[PDB]
Every structure is written in C-alpha cells, then in structure tokens.
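Enquirer: Just upload_15.cif, nothing more (mmCIF, N, CA and C atoms and all ligand atoms):
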data_start
loop_
_atom_site.label_atom_id
_atom_site.label_comp_id
_atom_site.auth_asym_id
_atom_site.auth_seq_id
_atom_site.Cartn_x
_atom_site.Cartn_y
_atom_site.Cartn_z
N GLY A 1 0.81 -1.21 0.00
CA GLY A 1 0.00 0.00 0.00
C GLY A 1 0.84 1.26 0.00
N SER A 2 0.54 2.17 -0.91
CA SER A 2 1.28 3.43 -1.02
C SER A 2 0.35 4.57 -1.43
N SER A 3 0.86 5.79 -1.33
CA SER A 3 0.08 6.98 -1.69
C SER A 3 0.77 7.77 -2.80
N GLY A 4 2.06 8.00 -2.63
CA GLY A 4 2.82 8.74 -3.62
C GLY A 4 4.09 9.34 -3.06
N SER A 5 3.94 10.44 -2.32
CA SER A 5 5.09 11.12 -1.73
C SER A 5 4.97 11.16 -0.21
N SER A 6 6.09 11.36 0.47
CA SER A 6 6.11 11.41 1.92
C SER A 6 5.57 12.75 2.42
N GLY A 7 5.02 12.74 3.64
CA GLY A 7 4.47 13.95 4.21
C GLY A 7 3.09 14.28 3.66
N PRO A 8 2.48 15.34 4.20
CA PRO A 8 1.15 15.78 3.78
C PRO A 8 1.15 16.37 2.37
N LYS A 9 1.34 17.68 2.28
CA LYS A 9 1.36 18.36 0.99
C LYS A 9 2.33 17.68 0.03
N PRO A 10 1.87 17.43 -1.20
CA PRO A 10 2.68 16.78 -2.24
C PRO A 10 3.81 17.68 -2.74
N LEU A 11 4.89 17.06 -3.19
CA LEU A 11 6.04 17.81 -3.70
C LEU A 11 6.03 17.84 -5.23
N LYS A 12 6.64 18.88 -5.79
CA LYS A 12 6.71 19.03 -7.24
C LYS A 12 6.84 17.67 -7.92
N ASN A 13 5.78 17.25 -8.60
CA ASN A 13 5.78 15.97 -9.30
C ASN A 13 4.50 15.79 -10.11
N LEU A 14 4.48 14.77 -10.96
CA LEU A 14 3.32 14.49 -11.79
C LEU A 14 2.92 15.72 -12.60
N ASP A 15 3.91 16.46 -13.07
CA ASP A 15 3.67 17.66 -13.86
C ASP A 15 3.30 17.30 -15.30
N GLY A 16 4.00 16.32 -15.86
CA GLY A 16 3.74 15.90 -17.22
C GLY A 16 5.01 15.68 -18.02
N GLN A 17 6.05 16.43 -17.68
CA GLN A 17 7.33 16.32 -18.38
C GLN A 17 7.69 14.85 -18.62
N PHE A 18 7.24 13.99 -17.72
CA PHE A 18 7.52 12.56 -17.83
C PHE A 18 7.01 12.01 -19.16
N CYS A 19 7.93 11.50 -19.97
CA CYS A 19 7.58 10.95 -21.27
C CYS A 19 6.37 10.02 -21.16
N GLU A 20 5.60 9.93 -22.24
CA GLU A 20 4.41 9.09 -22.26
C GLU A 20 4.68 7.79 -23.02
N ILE A 21 5.42 7.90 -24.12
CA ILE A 21 5.75 6.74 -24.94
C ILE A 21 6.23 5.58 -24.07
N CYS A 22 7.38 5.77 -23.43
CA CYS A 22 7.96 4.74 -22.57
C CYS A 22 7.61 5.00 -21.11
N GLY A 23 7.77 6.24 -20.68
CA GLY A 23 7.47 6.59 -19.30
C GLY A 23 8.59 7.37 -18.64
N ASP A 24 9.82 6.96 -18.90
CA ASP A 24 10.99 7.63 -18.32
C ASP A 24 10.75 9.13 -18.21
N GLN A 25 11.37 9.75 -17.21
CA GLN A 25 11.23 11.18 -16.99
C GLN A 25 12.11 11.97 -17.96
N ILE A 26 11.47 12.73 -18.85
CA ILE A 26 12.19 13.53 -19.83
C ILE A 26 13.23 14.42 -19.15
N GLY A 27 14.47 13.96 -19.13
CA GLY A 27 15.54 14.73 -18.51
C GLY A 27 15.71 16.09 -19.14
N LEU A 28 16.95 16.59 -19.15
CA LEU A 28 17.24 17.89 -19.73
C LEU A 28 18.03 17.74 -21.03
N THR A 29 17.98 18.78 -21.87
CA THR A 29 18.69 18.76 -23.14
C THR A 29 20.20 18.77 -22.93
N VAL A 30 20.95 18.77 -24.03
CA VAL A 30 22.40 18.79 -23.96
C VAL A 30 22.91 20.06 -23.30
N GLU A 31 22.12 21.12 -23.38
CA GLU A 31 22.49 22.40 -22.79
C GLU A 31 22.02 22.49 -21.34
N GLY A 32 20.74 22.22 -21.13
CA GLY A 32 20.18 22.27 -19.79
C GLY A 32 18.68 22.49 -19.79
N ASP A 33 18.19 23.17 -20.81
CA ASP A 33 16.76 23.45 -20.93
C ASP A 33 15.96 22.15 -21.00
N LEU A 34 14.68 22.23 -20.64
CA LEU A 34 13.81 21.07 -20.67
C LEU A 34 13.67 20.52 -22.08
N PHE A 35 13.81 19.21 -22.22
CA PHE A 35 13.70 18.56 -23.52
C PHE A 35 12.24 18.29 -23.88
N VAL A 36 11.69 19.14 -24.74
CA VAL A 36 10.30 19.00 -25.17
C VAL A 36 10.21 18.55 -26.62
N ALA A 37 10.17 17.24 -26.83
CA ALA A 37 10.09 16.68 -28.17
C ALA A 37 9.15 17.51 -29.05
N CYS A 38 7.88 17.54 -28.68
CA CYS A 38 6.88 18.29 -29.44
C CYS A 38 6.30 19.42 -28.60
N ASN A 39 6.28 20.62 -29.16
CA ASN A 39 5.75 21.79 -28.46
C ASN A 39 4.39 22.18 -29.01
N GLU A 40 4.21 22.02 -30.32
CA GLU A 40 2.95 22.35 -30.97
C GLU A 40 1.77 21.80 -30.19
N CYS A 41 1.77 20.49 -29.96
CA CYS A 41 0.70 19.84 -29.22
C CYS A 41 1.08 19.66 -27.76
N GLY A 42 2.33 19.30 -27.51
CA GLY A 42 2.80 19.11 -26.15
C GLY A 42 2.92 17.65 -25.78
N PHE A 43 3.38 16.84 -26.73
CA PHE A 43 3.55 15.41 -26.50
C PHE A 43 4.85 15.12 -25.76
N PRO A 44 4.73 14.57 -24.54
CA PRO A 44 5.88 14.24 -23.70
C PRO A 44 6.68 13.06 -24.26
N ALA A 45 7.77 13.37 -24.96
CA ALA A 45 8.63 12.34 -25.54
C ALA A 45 10.10 12.61 -25.23
N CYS A 46 10.71 11.70 -24.48
CA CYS A 46 12.12 11.84 -24.11
C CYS A 46 12.99 11.94 -25.36
N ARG A 47 14.31 11.99 -25.15
CA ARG A 47 15.25 12.09 -26.25
C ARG A 47 15.26 10.81 -27.08
N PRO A 48 15.45 9.67 -26.40
CA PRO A 48 15.48 8.35 -27.05
C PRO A 48 14.11 7.93 -27.57
N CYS A 49 13.18 8.88 -27.60
CA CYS A 49 11.83 8.60 -28.08
C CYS A 49 11.51 9.44 -29.31
N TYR A 50 12.05 10.65 -29.35
CA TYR A 50 11.81 11.56 -30.47
C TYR A 50 12.67 11.17 -31.67
N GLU A 51 13.97 11.04 -31.45
CA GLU A 51 14.90 10.68 -32.51
C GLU A 51 14.37 9.48 -33.30
N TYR A 52 14.19 8.36 -32.61
CA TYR A 52 13.69 7.14 -33.24
C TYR A 52 12.55 7.46 -34.20
N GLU A 53 11.48 8.04 -33.67
CA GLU A 53 10.32 8.39 -34.48
C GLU A 53 10.75 8.88 -35.86
N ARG A 54 11.91 9.51 -35.92
CA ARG A 54 12.43 10.02 -37.18
C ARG A 54 13.42 9.04 -37.81
N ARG A 55 14.14 8.32 -36.96
CA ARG A 55 15.12 7.34 -37.43
C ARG A 55 14.43 6.18 -38.14
N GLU A 56 13.63 5.43 -37.38
CA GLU A 56 12.91 4.28 -37.93
C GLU A 56 11.42 4.57 -38.03
N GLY A 57 10.96 5.54 -37.24
CA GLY A 57 9.55 5.90 -37.25
C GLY A 57 9.11 6.50 -38.58
N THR A 58 8.13 7.39 -38.52
CA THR A 58 7.61 8.04 -39.73
C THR A 58 7.95 9.52 -39.73
N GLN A 59 8.51 10.01 -38.63
CA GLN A 59 8.87 11.41 -38.51
C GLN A 59 7.64 12.28 -38.33
N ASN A 60 6.65 11.77 -37.60
CA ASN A 60 5.42 12.50 -37.35
C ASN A 60 4.88 12.21 -35.95
N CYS A 61 4.77 13.25 -35.14
CA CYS A 61 4.28 13.11 -33.77
C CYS A 61 3.08 12.17 -33.73
N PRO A 62 3.20 11.10 -32.92
CA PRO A 62 2.13 10.11 -32.77
C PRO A 62 0.93 10.66 -32.02
N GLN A 63 0.97 11.95 -31.70
CA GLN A 63 -0.12 12.60 -30.98
C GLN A 63 -0.78 13.67 -31.85
N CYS A 64 0.03 14.42 -32.58
CA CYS A 64 -0.48 15.47 -33.45
C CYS A 64 -0.06 15.24 -34.90
N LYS A 65 1.00 14.46 -35.08
CA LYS A 65 1.51 14.15 -36.41
C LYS A 65 1.86 15.43 -37.17
N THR A 66 2.62 16.30 -36.52
CA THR A 66 3.02 17.56 -37.13
C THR A 66 4.48 17.51 -37.59
N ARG A 67 4.85 18.43 -38.46
CA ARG A 67 6.22 18.49 -38.98
C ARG A 67 7.23 18.58 -37.84
N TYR A 68 8.26 17.76 -37.90
CA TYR A 68 9.30 17.74 -36.87
C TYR A 68 10.40 18.75 -37.19
N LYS A 69 11.45 18.75 -36.38
CA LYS A 69 12.57 19.66 -36.57
C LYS A 69 13.85 19.07 -35.99
N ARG A 70 14.96 19.26 -36.70
CA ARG A 70 16.25 18.75 -36.25
C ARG A 70 16.54 19.19 -34.82
N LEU A 71 16.52 18.25 -33.90
CA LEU A 71 16.79 18.54 -32.49
C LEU A 71 18.29 18.51 -32.20
N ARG A 72 18.64 18.68 -30.93
CA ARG A 72 20.04 18.66 -30.52
C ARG A 72 20.67 17.30 -30.80
N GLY A 73 20.10 16.26 -30.20
CA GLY A 73 20.62 14.92 -30.39
C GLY A 73 19.84 14.13 -31.43
N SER A 74 19.37 14.83 -32.46
CA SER A 74 18.60 14.19 -33.52
C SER A 74 19.07 14.65 -34.89
N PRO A 75 19.89 13.81 -35.54
CA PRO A 75 20.43 14.10 -36.87
C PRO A 75 19.36 14.07 -37.96
N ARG A 76 19.48 14.97 -38.93
CA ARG A 76 18.52 15.04 -40.03
C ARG A 76 18.19 13.64 -40.55
N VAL A 77 16.99 13.49 -41.10
CA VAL A 77 16.55 12.21 -41.64
C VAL A 77 15.92 12.38 -43.02
N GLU A 78 15.53 11.26 -43.63
CA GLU A 78 14.92 11.29 -44.95
C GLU A 78 13.41 11.52 -44.84
N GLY A 79 13.03 12.79 -44.71
CA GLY A 79 11.62 13.13 -44.61
C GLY A 79 11.37 14.23 -43.59
N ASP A 80 12.29 15.18 -43.50
CA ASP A 80 12.16 16.28 -42.56
C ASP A 80 11.24 17.37 -43.12
N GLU A 81 11.40 17.67 -44.40
CA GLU A 81 10.59 18.69 -45.06
C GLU A 81 10.44 18.39 -46.55
N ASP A 82 9.21 18.51 -47.04
CA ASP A 82 8.93 18.25 -48.45
C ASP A 82 8.41 19.51 -49.14
N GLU A 83 8.30 19.45 -50.46
CA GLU A 83 7.82 20.59 -51.24
C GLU A 83 6.36 20.40 -51.63
N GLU A 84 5.63 21.51 -51.75
CA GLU A 84 4.22 21.47 -52.12
C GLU A 84 3.99 20.47 -53.25
N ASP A 85 2.91 19.71 -53.15
CA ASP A 85 2.57 18.72 -54.17
C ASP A 85 1.07 18.74 -54.47
N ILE A 86 0.69 18.07 -55.55
CA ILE A 86 -0.71 18.01 -55.95
C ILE A 86 -1.44 16.87 -55.25
N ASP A 87 -1.02 16.57 -54.03
CA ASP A 87 -1.63 15.50 -53.25
C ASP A 87 -2.53 16.07 -52.15
N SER A 88 -3.83 16.13 -52.43
CA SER A 88 -4.79 16.66 -51.48
C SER A 88 -5.79 15.59 -51.07
N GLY A 89 -6.50 15.83 -49.96
CA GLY A 89 -7.48 14.88 -49.48
C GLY A 89 -7.09 14.28 -48.15
N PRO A 90 -7.45 14.97 -47.06
CA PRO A 90 -7.14 14.52 -45.70
C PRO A 90 -7.96 13.29 -45.30
N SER A 91 -7.43 12.11 -45.61
CA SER A 91 -8.11 10.86 -45.29
C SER A 91 -8.45 10.79 -43.80
N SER A 92 -7.42 10.83 -42.96
CA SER A 92 -7.61 10.77 -41.52
C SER A 92 -7.04 12.02 -40.84
N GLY A 93 -7.85 12.64 -39.99
CA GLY A 93 -7.41 13.84 -39.30
C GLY A 93 -6.61 14.77 -40.18
ZN ZN A 101 10.30 7.98 -23.68
ZN ZN A 102 2.81 16.73 -31.12
#
Taking this structure as input, can you express it in the form of structure tokens?

Expert:
Amino acid sequence: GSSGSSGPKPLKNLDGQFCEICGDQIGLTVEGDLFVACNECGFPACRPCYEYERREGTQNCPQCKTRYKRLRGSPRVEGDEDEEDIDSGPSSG
C-alpha cells in the first residue's frame, strides 16, 4: 500500500514532463533546458523517443503528427521537409 510522496502536501511531481511513450522522466537537453520533443501539441517524448520516431519511425508526432525539426541529439533524416505537391485529401485527421 502506497500513496505517492512522503508527508502531507505533495512535492513538485506528476507535472507531465515525464515521457508518455515509454514513461521515463524527460531529462534535460544537452544544454540544460527542458527537452520537449513536441511543443505544438505538447507530446511528452524523451530524447530516445523523439529521434527514433524520425530514425525508424515516420517522422510524425504520434499525438499530433506535425512536422518535426532537427533537435540537438537528432540528426537530419529522410523526410524532414517536403515541397508542395498536388496531393490533397485529408483521409484521416
Ligand atoms: Zn520515452
Ligand atoms: Zn505533437
């Protein structure tokens, strides 16, 4: 049996920064700032979670599926940005 944190009033926690994909707590970037994979929607994805999505993934946020961007520890991939095309018709979302 447990509750969460010691003492009465809870301590800074369960904010959300904690990645959702795997769970691990989204640490800090190579510089120090908070590592926020996706900001547009706000999908909590650690470092080893964002890169992949672009490495082997599809390069589209699994929450909003928006255009990505070369991060600190994320080398460019084949599908970062494309040019306007005659492909219209939003099948899903
Ligand atoms: Zn993760
Ligand atoms: Zn997103």

Enquirer: Between atom N of residue A:18 and atom C of residue A:6, what is the distance, to one decimal in Å?

Expert: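 These two atoms are separated by 20.2 Å.
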
Enquirer: Smallest atom-to-atom distance to ligand ZN 101 (chain A): which of A:80, A:56, A:51, A:40, using only C-alpha atoms and all ligand atoms?

Expert: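 The closest residue to ligand ZN 101 (chain A) is A:51.
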
Enquirer: My list of candidates is A:25, A:13, A:5, A:66. Which is closest to ligand ZN 101 (chain A) when distances are computed with all atoms listed in the file?

Expert: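 Among A:25, A:13, A:5, A:66, it is A:25 that comes nearest to ligand ZN 101 (chain A).
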
Enquirer: Please compute the atom CA of residue A:19-atom N of residue A:37 distance, one decimal, in Å.

Expert: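 Here the two named atoms are 8.8 Å from each other.
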
Enquirer: Which stretch 36-55 of chain A residues have any atom within 8 Å of an atom of stretch 67-76 of chain A, and for each, what is the nearest pair of atoms with distance in Å to one decimal, counting only C-alpha atoms, rows sorted by chain and number, as a tab-separated table?

Expert:
residue	atom	partner	partner_atom	distance
A:38	CA	A:68	CA	7.8
A:47	CA	A:73	CA	7.3
A:50	CA	A:74	CA	7.9
A:51	CA	A:74	CA	5.2

Enquirer: Show me which residues are within 7 Å of ligand ZN 102 (chain A) counting only C-alpha atoms and all ligand atoms, and format the list as a PyMOL selection string.

Expert: chain A and resi 38-43+61-66

Enquirer: Could you list, as a list in words, all protein and nucleic acid residues with an atom at most 5 Å from ligand ZN 101 (chain A), counting all atoms listed in the file?

Expert: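 After applying the 5 Å limit, what remains is residues 19, 21, 22, 23, 24, 45, 46 and 49 of chain A.
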
Enquirer: Take atom CA of residue A:27 and atom CA of residue A:81 and report the distance between them in Å, one decimal.

Expert: 27.3 Å

Enquirer: How would you write, as a PDB file with N, CA and C atoms, keeping the file's coordinate frame, the set of residues in chain A that DSSP gives as helix (DSSP H, G or I)?

Expert:
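Everything below was put into result_11.pdb:
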ATOM      1  N   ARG A  47      14.310  11.990 -25.150  1.00  0.00           N
ATOM      2  CA  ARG A  47      15.250  12.090 -26.250  1.00  0.00           C
ATOM      3  C   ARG A  47      15.260  10.810 -27.080  1.00  0.00           C
ATOM      4  N   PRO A  48      15.450   9.670 -26.400  1.00  0.00           N
ATOM      5  CA  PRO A  48      15.480   8.350 -27.050  1.00  0.00           C
ATOM      6  C   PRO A  48      14.110   7.930 -27.570  1.00  0.00           C
ATOM      7  N   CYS A  49      13.180   8.880 -27.600  1.00  0.00           N
ATOM      8  CA  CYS A  49      11.830   8.600 -28.080  1.00  0.00           C
ATOM      9  C   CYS A  49      11.510   9.440 -29.310  1.00  0.00           C
ATOM     10  N   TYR A  50      12.050  10.650 -29.350  1.00  0.00           N
ATOM     11  CA  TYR A  50      11.810  11.560 -30.470  1.00  0.00           C
ATOM     12  C   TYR A  50      12.670  11.170 -31.670  1.00  0.00           C
ATOM     13  N   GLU A  51      13.970  11.040 -31.450  1.00  0.00           N
ATOM     14  CA  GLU A  51      14.900  10.680 -32.510  1.00  0.00           C
ATOM     15  C   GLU A  51      14.370   9.480 -33.300  1.00  0.00           C
ATOM     16  N   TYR A  52      14.190   8.360 -32.610  1.00  0.00           N
ATOM     17  CA  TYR A  52      13.690   7.140 -33.240  1.00  0.00           C
ATOM     18  C   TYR A  52      12.550   7.460 -34.200  1.00  0.00           C
ATOM     19  N   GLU A  53      11.480   8.040 -33.670  1.00  0.00           N
ATOM     20  CA  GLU A  53      10.320   8.390 -34.480  1.00  0.00           C
ATOM     21  C   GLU A  53      10.750   8.880 -35.860  1.00  0.00           C
ATOM     22  N   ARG A  54      11.910   9.510 -35.920  1.00  0.00           N
ATOM     23  CA  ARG A  54      12.430  10.020 -37.180  1.00  0.00           C
ATOM     24  C   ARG A  54      13.420   9.040 -37.810  1.00  0.00           C
ATOM     25  N   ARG A  55      14.140   8.320 -36.960  1.00  0.00           N
ATOM     26  CA  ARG A  55      15.120   7.340 -37.430  1.00  0.00           C
ATOM     27  C   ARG A  55      14.430   6.180 -38.140  1.00  0.00           C
TER      28      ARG A  55
END

Enquirer: Name the residues of chain A that fall into strand (DSSP E or B) according to DSSP on the backbone, using the chain letters and numbers of this document, as a ChimeraX atom specification.

Expert: /A:18,25,28,34,60,67

Enquirer: For the residues in the current selection, export N, CA and C atoms as an mmCIF file, in the frame of the given file.

Expert:
data_model
loop_
_atom_site.group_PDB
_atom_site.id
_atom_site.type_symbol
_atom_site.label_atom_id
_atom_site.label_comp_id
_atom_site.auth_asym_id
_atom_site.auth_seq_id
_atom_site.Cartn_x
_atom_site.Cartn_y
_atom_site.Cartn_z
ATOM 1 N N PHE A 18 7.240 13.990 -17.720
ATOM 2 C CA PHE A 18 7.520 12.560 -17.830
ATOM 3 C C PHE A 18 7.010 12.010 -19.160
ATOM 4 N N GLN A 25 11.370 9.750 -17.210
ATOM 5 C CA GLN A 25 11.230 11.180 -16.990
ATOM 6 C C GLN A 25 12.110 11.970 -17.960
ATOM 7 N N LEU A 28 16.950 16.590 -19.150
ATOM 8 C CA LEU A 28 17.240 17.890 -19.730
ATOM 9 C C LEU A 28 18.030 17.740 -21.030
ATOM 10 N N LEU A 34 14.680 22.230 -20.640
ATOM 11 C CA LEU A 34 13.810 21.070 -20.670
ATOM 12 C C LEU A 34 13.670 20.520 -22.080
ATOM 13 N N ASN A 60 6.650 11.770 -37.600
ATOM 14 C CA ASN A 60 5.420 12.500 -37.350
ATOM 15 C C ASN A 60 4.880 12.210 -35.950
ATOM 16 N N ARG A 67 4.850 18.430 -38.460
ATOM 17 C CA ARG A 67 6.220 18.490 -38.980
ATOM 18 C C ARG A 67 7.230 18.580 -37.840
#

Enquirer: Check the smallest atom-to-atom distance from each of A:79, A:4, A:32, A:44 to residue A:17 using all atoms listed in the file, then report the winner.

Expert: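 Residue with the minimum atom-to-atom distance to residue A:17: A:44.
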
Enquirer: Reconstruct N, CA, C and O atoms of stretch 56-79 of chain A; output as a short mmCIF file (atom, residue, chain, number, x, y, z; two decimals), in the coordinates of the input.

Expert:
data_model
loop_
_atom_site.label_atom_id
_atom_site.label_comp_id
_atom_site.auth_asym_id
_atom_site.auth_seq_id
_atom_site.Cartn_x
_atom_site.Cartn_y
_atom_site.Cartn_z
N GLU A 56 13.63 5.43 -37.38
CA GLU A 56 12.91 4.28 -37.93
C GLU A 56 11.42 4.57 -38.03
O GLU A 56 10.70 3.93 -38.80
N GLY A 57 10.96 5.54 -37.24
CA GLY A 57 9.55 5.90 -37.25
C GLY A 57 9.11 6.50 -38.58
O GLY A 57 9.66 6.17 -39.63
N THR A 58 8.13 7.39 -38.52
CA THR A 58 7.61 8.04 -39.73
C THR A 58 7.95 9.52 -39.73
O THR A 58 7.71 10.22 -40.72
N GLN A 59 8.51 10.01 -38.63
CA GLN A 59 8.87 11.41 -38.51
C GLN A 59 7.64 12.28 -38.33
O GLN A 59 7.57 13.40 -38.84
N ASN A 60 6.65 11.77 -37.60
CA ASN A 60 5.42 12.50 -37.35
C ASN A 60 4.88 12.21 -35.95
O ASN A 60 4.58 11.06 -35.61
N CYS A 61 4.77 13.25 -35.14
CA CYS A 61 4.28 13.11 -33.77
C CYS A 61 3.08 12.17 -33.73
O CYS A 61 2.06 12.39 -34.39
N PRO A 62 3.20 11.10 -32.92
CA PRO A 62 2.13 10.11 -32.77
C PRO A 62 0.93 10.66 -32.02
O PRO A 62 -0.02 9.94 -31.73
N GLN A 63 0.97 11.95 -31.70
CA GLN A 63 -0.12 12.60 -30.98
C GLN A 63 -0.78 13.67 -31.85
O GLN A 63 -2.01 13.80 -31.86
N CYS A 64 0.03 14.42 -32.58
CA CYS A 64 -0.48 15.47 -33.45
C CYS A 64 -0.06 15.24 -34.90
O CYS A 64 -0.69 15.74 -35.83
N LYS A 65 1.00 14.46 -35.08
CA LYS A 65 1.51 14.15 -36.41
C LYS A 65 1.86 15.43 -37.17
O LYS A 65 1.45 15.61 -38.31
N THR A 66 2.62 16.30 -36.52
CA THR A 66 3.02 17.56 -37.13
C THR A 66 4.48 17.51 -37.59
O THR A 66 5.24 16.65 -37.15
N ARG A 67 4.85 18.43 -38.46
CA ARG A 67 6.22 18.49 -38.98
C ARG A 67 7.23 18.58 -37.84
O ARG A 67 7.06 19.38 -36.92
N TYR A 68 8.26 17.76 -37.90
CA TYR A 68 9.30 17.74 -36.87
C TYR A 68 10.40 18.75 -37.19
O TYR A 68 10.31 19.50 -38.16
N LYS A 69 11.45 18.75 -36.38
CA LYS A 69 12.57 19.66 -36.57
C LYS A 69 13.85 19.07 -35.99
O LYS A 69 13.84 18.47 -34.92
N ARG A 70 14.96 19.26 -36.70
CA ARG A 70 16.25 18.75 -36.25
C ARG A 70 16.54 19.19 -34.82
O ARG A 70 16.79 20.37 -34.57
N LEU A 71 16.52 18.25 -33.90
CA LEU A 71 16.79 18.54 -32.49
C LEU A 71 18.29 18.51 -32.20
O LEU A 71 19.10 18.33 -33.11
N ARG A 72 18.64 18.68 -30.93
CA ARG A 72 20.04 18.66 -30.52
C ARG A 72 20.67 17.30 -30.80
O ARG A 72 21.66 17.20 -31.53
N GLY A 73 20.10 16.26 -30.20
CA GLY A 73 20.62 14.92 -30.39
C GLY A 73 19.84 14.13 -31.43
O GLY A 73 19.67 12.92 -31.30
N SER A 74 19.37 14.83 -32.46
CA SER A 74 18.60 14.19 -33.52
C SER A 74 19.07 14.65 -34.89
O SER A 74 18.73 15.73 -35.36
N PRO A 75 19.89 13.81 -35.54
CA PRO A 75 20.43 14.10 -36.87
C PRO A 75 19.36 14.07 -37.96
O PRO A 75 18.44 13.24 -37.91
N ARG A 76 19.48 14.97 -38.93
CA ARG A 76 18.52 15.04 -40.03
C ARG A 76 18.19 13.64 -40.55
O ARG A 76 19.00 12.72 -40.46
N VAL A 77 16.99 13.49 -41.10
CA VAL A 77 16.55 12.21 -41.64
C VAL A 77 15.92 12.38 -43.02
O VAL A 77 15.78 13.49 -43.51
N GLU A 78 15.53 11.26 -43.63
CA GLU A 78 14.92 11.29 -44.95
C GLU A 78 13.41 11.52 -44.84
O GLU A 78 12.62 10.58 -44.88
N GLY A 79 13.03 12.79 -44.71
CA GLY A 79 11.62 13.13 -44.61
C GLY A 79 11.37 14.23 -43.59
O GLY A 79 10.35 14.21 -42.89
#
